[PDB]
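Note that the protein sequences, when read in sequence, are chains G, W, B, Y, L, R and P.
Following PDB author numbering, the numbering of the first sequence begins with 881 at its first residue and continues without gaps.
With PDB author numbering applied, the second sequence covers 15 to 103, 128 to 197.
Following PDB author numbering, the numbering of the third sequence begins with 89 at its first residue and continues without gaps.
Following PDB author numbering, the numbering of the fourth sequence begins with 51 at its first residue and continues without gaps.
Following PDB author numbering, the numbering of the fifth sequence begins with 271 at its first residue and continues without gaps.
Following PDB author numbering, the numbering of the sixth sequence begins with 303 at its first residue and continues without gaps.
With PDB author numbering applied, the seventh sequence covers 2 to 55, 59 to 130.
Every residue, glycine too, gets a C-beta built ideally from N, C-alpha and C.
Report on the following structure.
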Amino acid sequence: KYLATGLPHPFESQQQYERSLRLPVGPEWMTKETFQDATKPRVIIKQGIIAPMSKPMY
Amino acid sequence: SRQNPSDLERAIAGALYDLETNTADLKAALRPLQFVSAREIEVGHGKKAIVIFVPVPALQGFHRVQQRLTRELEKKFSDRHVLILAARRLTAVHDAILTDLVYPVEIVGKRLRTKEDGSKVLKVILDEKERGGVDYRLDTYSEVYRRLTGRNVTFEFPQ
Amino acid sequence: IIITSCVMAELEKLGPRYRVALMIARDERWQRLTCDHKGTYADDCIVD
Amino acid sequence: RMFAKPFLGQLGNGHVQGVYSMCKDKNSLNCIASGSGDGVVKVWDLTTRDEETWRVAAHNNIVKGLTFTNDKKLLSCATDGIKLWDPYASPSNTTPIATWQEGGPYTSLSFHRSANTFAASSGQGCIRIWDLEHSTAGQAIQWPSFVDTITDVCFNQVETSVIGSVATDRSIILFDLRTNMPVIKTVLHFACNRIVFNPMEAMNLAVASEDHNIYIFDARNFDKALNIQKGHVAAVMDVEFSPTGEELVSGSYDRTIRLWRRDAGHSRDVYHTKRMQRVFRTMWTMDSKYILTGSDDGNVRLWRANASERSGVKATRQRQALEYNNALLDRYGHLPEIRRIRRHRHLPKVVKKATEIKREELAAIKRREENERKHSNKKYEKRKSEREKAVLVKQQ
Amino acid sequence: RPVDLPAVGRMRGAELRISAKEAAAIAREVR
Amino acid sequence: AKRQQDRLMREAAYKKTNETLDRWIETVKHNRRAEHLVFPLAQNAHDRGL
Amino acid sequence: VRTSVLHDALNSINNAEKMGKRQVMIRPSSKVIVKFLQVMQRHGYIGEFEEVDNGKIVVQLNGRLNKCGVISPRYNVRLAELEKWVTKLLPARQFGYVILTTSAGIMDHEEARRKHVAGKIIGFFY
RNA sequence: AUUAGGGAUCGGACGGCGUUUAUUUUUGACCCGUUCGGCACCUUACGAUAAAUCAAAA
Ligand SMILES: [Zn+2]
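Here it is as structure tokens:
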């Protein structure tokens, strides 16, 4: 049960995946800066109003 | 018959006389027919469409022979949409006008759409076997039905 | 007349088949006194 | 799954009967209006909720449409027509200061992002559009030969002069306002219930359809659907995009509300309440932290997104902990143990047995199709993918 | 007992039977 | 014919719309491929250039 | 066999209002059923309906109506009798409607009060 | 007015990627899909109500 039976959907190779995780993420095994960088969410939402975008950025 | 001629009544009569002579080699319902009736009112904007009223045995006479006849009459006559209709004087008569107006296709359904209020509309949906040569004529069929009867019906092929 | 929020809730806990009575309850022209507890339990709300 | 306590509150008394339309203040942060089945509208503040701020018996029949203008005024649609009221005045005026009736029965309202223009989906198969303070009858734009009642209509905020819409022909339609004409008409297998656009990706948009399913498209190409979000039992009554545009509310006809990521293909959350009776209008607030569910139990319930993640400013280790657990999930979400106790969510009996029957029947249908394909000449063909298969036809 | 049923008579599905005595009993209450 | 006429007219309209969406495709591509998204957007902060 | 096709239709609408559907296919049609549906659409308790032919009717229903019923003996009624009948037939005077065939056609009790025409109670809903 | 369909059941009628009759066409046997019609199971009741009775005492 602690095995993972099915490959995860973005993945294409078992070796890709088993070597993809490879790294503990907590503060015990890396520096605090890498911790911040490794647990940062993809999207950050502050307080306020998300008014939809007026001018195309890039 | 029942009229004294008009400027395009004589035109459609002389048309069917030059279909009597100097052409085919196909002659079934043309000679036992005289001036019967014709009518011309605007359809769309900028365009016209002729309708010709015909008696009730000549209805199925033209149902025997109407292929390519409407085609040639359209081409050499004013380059406009030709419609063939009976002359009659209530709802069964209106369905008769419908099934006479649509000659190559049998209708499938009449659809009475009520709305969120007492407004209502009709949609008659036609056969699936012939679709290509009608969609440029569907609006003309609809407006001539609206002018001859007065009821608002829209014509469509179901999907 | 006064209806407690517990009573209102209990009515809504009764299913859609009680919708007429629910609407009768929710006719506006009457006061609505709230409750501040966990219970939503009509009888105790009333007795207290 | 311990701290999942996502319900929050019940906005005041609610309406009298069921609540059928509601809309936000897309400029400020706390102003909500909803119109009832009994022709009355109420306007609510989020900070003070236990009582209404403003109330007016608007129409006779159900309040089909409702929206806020840019400045301070608001507009409601029904079978009586459409009217314009003002909720924030030192006197509480009851009389609406504008009205319109011609153009047939209007269905739905939508208001422009920047300008003072707004569009209305009528029942006449036609959308008529006004520019406020200098228009009276508005421009009636429609498909050339179209009759069927257009249900929904929506101003696309990011790319202006663009409005998509949808009718009961199980077709949706796209329009332009610079050149005031329809643009594209595409017909689906099933009837759509509502259309919204992706407020952070302009070319992307969203239909909720009685095929119990949600479809995301790119407007530039309707050849195949971009996303099939399928989780439901009954018809979906309404969808709305999160203002961050990566999340999606889906209220459906069964008493459920399902919260979605943008790329998912399944639920992240399902909400159900034995009180709640039918869902009709679900809108995020301007915060993408809270969603609002407008019932036919006559409630406007306030739910949280981020099913456990309580609001509040956080101490440093508290948020480091919660972000730590989040990305910890995004590694280990697929192990069987933790997967089952993250997917385990209790459903009421109705939707439970119904989805059992649904999965069974769809298995039967797939088996039918597979046996027919294998024992038919379709075997020498490609398995047509479903995002392709969802569209019936596209035309212009 | 179901709350939605009217009390003038009995109901089978969507059909409401009203005997002649009950409509005459309404004919007494109107006068 | 009115049908093909409005067809080509709405086709040109469709082309122009797709041009106007091609003006956003680059931003959409960036944000969907990027590492971190900020909200609310810097451009739509009410106090921008002060 | 039930000769009241309008009762069969009302039973269809009642079962669909119980199970929560979004349309029905009422196989036998009649003009009086059309008129009942028009009064229903005036009071908004049904979404939208189309008469189709071979005919039947597709009746998209919203889920606001609760219960349909037909008065089988088709009872004659006058004005004060209309008020007392409607107060003993609906659970509340501000909920639901009854249907009358009057000399001015088929309408609800509020319309029959506006025209001050009496008639014959046939059916009702809420 | 249906429950709500599935798994099987056979009586037609229709089709077909195909095996065997078939020395090759019929046609017949196996398999698949559609369709009506019905002997019956279970599920959920759509409810019930007089309960021991139910896809009918809904
Ligand atoms: Zn209490």
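Taking the continuous beta strand (DSSP E) assigned at residue i, which residues delimit it?
i, result
"residue 150 of chain Y", "148 to 150"
"residue 131 of chain B", "Note, residue 131 of chain B: premise wrong, no beta strand (DSSP E); alpha helix (DSSP H) at 130 to 135."
"residue 323 of chain Y", "Run containing residue 323 of chain Y: none; DSSP gives neither H nor E here."
"residue 181 of chain Y", "176 to 181"
"residue 103 of chain P", "101 to 106"
"residue 342 of chain R", "Here residue 342 of chain R belongs to no beta strand (DSSP E), and DSSP marks it neither H nor E."
"residue 332 of chain Y", "329 to 334"
"residue 95 of chain W", "95 to 100"
"residue 131 of chain W", "Counting along the chain, residue 131 of chain W falls outside any beta strand (DSSP E), though it belongs to the alpha helix (DSSP H) covering 129 to 139."
"residue 350 of chain Y", "350 to 354"
Output, in chain order, the set of chain Y residues within a Cβ distance shorter than 9 Å of residue i.
i, result
"residue 320 of chain R", "253, 269, 270 and 271"
"residue 124 of chain B", "Chain Y residues near residue 124 of chain B: none, gap ~12 Å exceeds 9 Å."
Give a single yes or no on whether residue i has its beta carbon closer than 6 Å to a heavy atom of ligand 1.
i, result
"residue 73 of chain Y", "no"
"residue 242 of chain Y", "no"
"residue 127 of chain Y", "no"
"residue 92 of chain B", "yes"
"residue 81 of chain Y", "no"
"residue 123 of chain B", "yes"
Who are the near neighbours of residue i in its chain, counting only those whose CB is closer than 7 Å to its CB and skipping five residues on each side?
i, result
"residue 71 of chain Y", "84, 85, 113, 114, 115, 116 and 331"
"residue 166 of chain W", "195"
"residue 108 of chain P", "119 and 121"
"residue 442 of chain Y", "237, 238 and 239"
"residue 179 of chain W", "139, 140 and 193"
"residue 99 of chain Y", "59, 61 and 62"
I'd like the list of long-range same chain contacts for residue i, defined as Cβ closer than 6 Å, with 5 residues on each side in sequence excluded.
i, result
"residue 206 of chain Y", "212 and 247"
"residue 283 of chain Y", "304, 401, 404 and 405"
"residue 81 of chain Y", "75"
"residue 144 of chain Y", "106"
"residue 192 of chain Y", "175 and 176"
"residue 153 of chain Y", "172 and 178"
"residue 201 of chain Y", "157 and 216"
Chain P partners of residue i, CB-CB under 8 Å?
i, result
"residue 107 of chain B", "70"
Which same chain residues, not among the five before or five after residue i, have their C-beta less than 8 Å away from its C-beta?
i, result
"residue 57 of chain P", "A break in chain P separates 55 from 59, and the residue in question, residue 57 of chain P, sits inside that break with no coordinates."
"residue 353 of chain Y", "56, 57, 58, 307, 321, 340, 341, 342 and 343"
"residue 391 of chain Y", "51"
"residue 123 of chain P", "80, 81, 104, 105, 106, 107 and 116"
Over the uninterrupted alpha helix (DSSP H) stretch that includes residue i, give me the two end residues.
i, result
"residue 29 of chain W", "23 to 34"
"residue 118 of chain W", "Chain W lacks the residues between 103 and 128, and residue 118 of chain W is one of those with no coordinates."
"residue 5 of chain P", "No alpha helix (DSSP H) holds residue 5 of chain P; DSSP gives it neither H nor E."
"residue 274 of chain R", "Because chain R here runs from 303 to 352, residue 274 of chain R falls outside it and cannot be looked at."
"residue 111 of chain B", "107 to 113"
"residue 400 of chain Y", "399 to 424"
"residue 75 of chain W", "70 to 78"
"residue 95 of chain B", "93 to 101"
"residue 392 of chain Y", "386 to 393"
In chain B, which residues lie with their C-beta within 9 Å of the C-beta of residue i?
i, result
"residue 273 of chain L", "105, 106, 108 and 109"
Compute every distance between the C-beta of residue i and the non-hydrogen atoms of ligand 2, then say whether any falls below 6 Å.
i, result
"residue 133 of chain B", "This structure does not include ligand 2; its bound ligands are ligand 1."
Output, in chain order, the set of chain R residues within a Cβ distance shorter than 7 Å of residue i.
i, result
"residue 174 of chain W", "303 and 305"
Given that residue i touches chain G, what residues does it touch there, using C-beta distances under 8 Å?
i, result
"residue 339 of chain R", "922, 923 and 924"
Report the neighbours of residue i on chain Y: residues whose CB is nearer than 7 Å to its CB, in chain order.
i, result
"residue 117 of chain B", "Going along chain Y, no residue has its Cβ under 7 Å from residue 117 of chain B, so there is no contact; the nearest lies around 11 Å."
"residue 315 of chain R", "226, 229, 231 and 233"
Which residues of chain R have a Cβ atom closer than 8 Å to the Cβ of residue i, listed in chain order?
i, result
"residue 910 of chain G", "Per Cβ cutoff of 8 Å: no residues; residue 910 of chain G is ~19 Å from chain R at best."
Determine the chain P residues that contact residue i at a beta-carbon separation under 7 Å, and present them in chain order.
i, result
"residue 287 of chain L", "76"
"residue 284 of chain L", "8, 11, 12, 15, 72, 73 and 74"
"residue 112 of chain B", "96"
Counting only Cβ pairs nearer than 8 Å, list the residues of chain L close to residue i.
i, result
"residue 85 of chain P", "296, 297 and 300"
### Task
Inspect the CB distances between the stretch 122 to 141 of chain Y and the stretch 86 to 98 of chain Y and report whether three or more fall short of 8 Å.
yes
### Query
Okay, do the stretch 312 to 326 of chain Y and the stretch 104 to 121 of chain B touch, 3+ Cβ pairs below 8 Å being the bar?
no
### Message
Does the stretch 919 to 934 of chain G come into contact with the stretch 334 to 345 of chain R, if we say contact requires no fewer than three beta-carbon pairs (one atom in each stretch) closer than 8 Å?
### Response
yes
### Query
Quick one: any contact between the stretch 161 to 176 of chain W and the stretch 91 to 100 of chain B, if contact means 3 or more CB pairs under 8 Å?
no
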